[PDB]
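Can you keep this structure in mind? I'll have questions shortly.
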């Protein structure tokens, strides 16, 4: 690694790659084409499923296109498919909204293997211990 | 332990026996 | 913070990693980056862990003066900026390499490896440790004795001696 | 000596001794 | 005589006799 | 064979033989 050369992260869902209405002319402008950011993305995105957040770095030089290497997704968006309601925050901690305990989201703290600055396989559980409290979801743990 | 002039002089094992003491000197491995 | 009640703390608490210390390394880190904690702490993921600490405590007056647990020849071993490192579990091998094969790649000065405890001496790195659990180094270590050490010379009179 | 047991005395052994017994092999002969 | 047939059956000569065959191999070559 | 019999037949064993013998004795291991 080095530091910073060129990279960002703006996206709404994997259910629909390279969105046209959303970001539009706001998905790379320094060596990033808009009709090419769907030939290197769905090259492995269609290898798991479509409908979940997929951020990623953007290694840029000066040779026509570019190169990227994404990783584990956010454990906050997984609360629309693996937890409860469709939304999230909205109603923070003013009235016990959804409720997730020790059991749920358990293995969701097991998906980020290499991407988890929580050496202690057990302690790394305290990290995501909040990726489901940004709206108030008491744990029945 | 420290059995000096023996664990060495056991070289009477000759070639093929040394590959026998190496095949297993890891066997069930990579 | 806190005075003596806190000073004494950083001492004994970490100086336990000296009495019952596996290995030992003293590396300054002038110009260190965060990757400094994204390395010795990253390699702690799938090949190490919370079994390693490099608590920069070169407070000398605290670190050095704080080593009554027999570590002589150290009244010198504690110069300027420092960042001691110690082990509790595991062997006393590898570790030296995490530094030797990192700082060698720029990564700030490496105190030229001033050496630390265990044998208790001075400066001039070694590496007869990380060769451990690499048993196959003890395998070919026999150089097939009869074989190889033969097929390398006793049969070099043909590919290098027929003129 | 039997090699079957001339190995059951170094395998699960400690890596300390071995070194104090490795180099000693580089002078015995070679 | 033979060559390879007595290189497989020659696969012996303990280091006690082996190393002395490389050291004495120096008493004429290299 | 005595260590002195492995020496002669070795260095000897000609060349049209050895340079086709010993060299082959290198297509086994190492």
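Labels A, B, C, D, E and F are assigned to the chains in the order they are written; within every chain, residues are numbered from 1.
Everything below uses one rule, namely that a contact is a pair of C-beta atoms (placed from the backbone, for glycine too) under 8 Å apart; a residue touches a chain by one contact, two chains touch by 3 or more.
**Student:** With contacts defined as at the top, give the pair, C-D or C-E, that has more of them.
**Tutor:** More contacting C-beta pairs are found at C-E.
**Student:** What's the distance between the Cα centroids of subunit B and subunit E, rounded to whole Å?
**Tutor:** 20
**Student:** Measuring centre to centre with CA averages, how many angstrom lie between subunit A and subunit B?
**Tutor:** 55
**Student:** Quick check: how many Å separate the C-alpha centres of subunit E and subunit F?
**Tutor:** So the centroids are 9 Å from each other.
**Student:** Name the residues of subunit C that each touch 2 or more other chains.
**Tutor:** 142, 144-147, 149, 154, 157 - these are the residues of subunit C that touch more than one other chain.
**Student:** Using the touch rule from the top of the page, what residues of subunit E touch 2 or more other chains?
**Tutor:** Counting only residues that touch two or more other chains, subunit E contributes 13-15, 18-19, 21, 25, 29.
**Student:** Let me know each pair of chains that touch one another.
**Tutor:** A-C, B-C, B-D, B-E, C-D, C-E, C-F, D-E, E-F
**Student:** Please give the residue numbers of subunit B that touch subunit E in the complex, ascending.
**Tutor:** 8-9, 11-16
**Student:** Which part of subunit C faces subunit F closely enough to touch in the complex?
**Tutor:** Against subunit F, subunit C makes touches at 144, 147-148, 151-152, 154-155, 157-159, 162.
**Student:** Within their complex, state which residues of subunit C touch subunit B.
**Tutor:** 135-136, 139, 142, 144-147
**Student:** Residues of subunit D touching subunit B in their complex?
**Tutor:** Within the complex, subunit D contacts subunit B at residues 1, 3, 6-7, 9, 11, 17, 21, 24-25, 28.
**Student:** Would you pull the subunit E residues touching subunit C in the complex into a rising list?
**Tutor:** 13-15, 18-19, 21-22, 25, 29-30
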